[PDB]
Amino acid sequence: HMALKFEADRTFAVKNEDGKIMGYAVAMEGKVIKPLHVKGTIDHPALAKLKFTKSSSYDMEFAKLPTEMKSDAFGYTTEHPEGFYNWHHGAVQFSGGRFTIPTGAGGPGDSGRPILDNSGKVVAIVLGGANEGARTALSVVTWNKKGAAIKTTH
């Protein structure tokens, strides 16, 4: 058998030719999903071979996950009450209908990262951020109870 793995693979860097991280893709709900504007390749042997469907109106592109990758994907939840959430760089506020973070928590290369509740479900995917000074308001994709995509930008 090949070395035993002990962690689930579900967030993947997207890199240009130089190896610069341009953003992220996630495995979630049977798909690999990434922002369309995030340009480059996923350094994963199975994902890099997939043919992606573009949905430019949500700044999204996606493909069906390889079967062996399905069990390890994020779950999504439509429930996002006002409060605080989590991402790689710390707390993400949800208030007044917007996700915000402290300015400079992000970087240019963090597009495509998920925002998660405390149970570890994804509530949104980050597209970008508008710098408003102390706070940065995030542009995100969410999906409703019918599974319909929603892009919200500030």
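Sequential numbering from 1, following the sequence displayed.
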Discussion item. Going by the mean C-alpha B-factor recorded in the entry, which is higher: 120-128 or 52-60?
Written reply: 52-60
Response to the item:
The stretch carrying the higher mean Cα B factor in the deposited entry, 65-73 or 32-40, is 65-73
Worksheet entry | 96, 114, 102, 90, ranked by C-alpha B-factor: the highest one | 96
Worksheet item: Taking the entry's C-alpha B-factors for this chain, is residue 15 in the lowest, middle or highest third?
Response: lowest
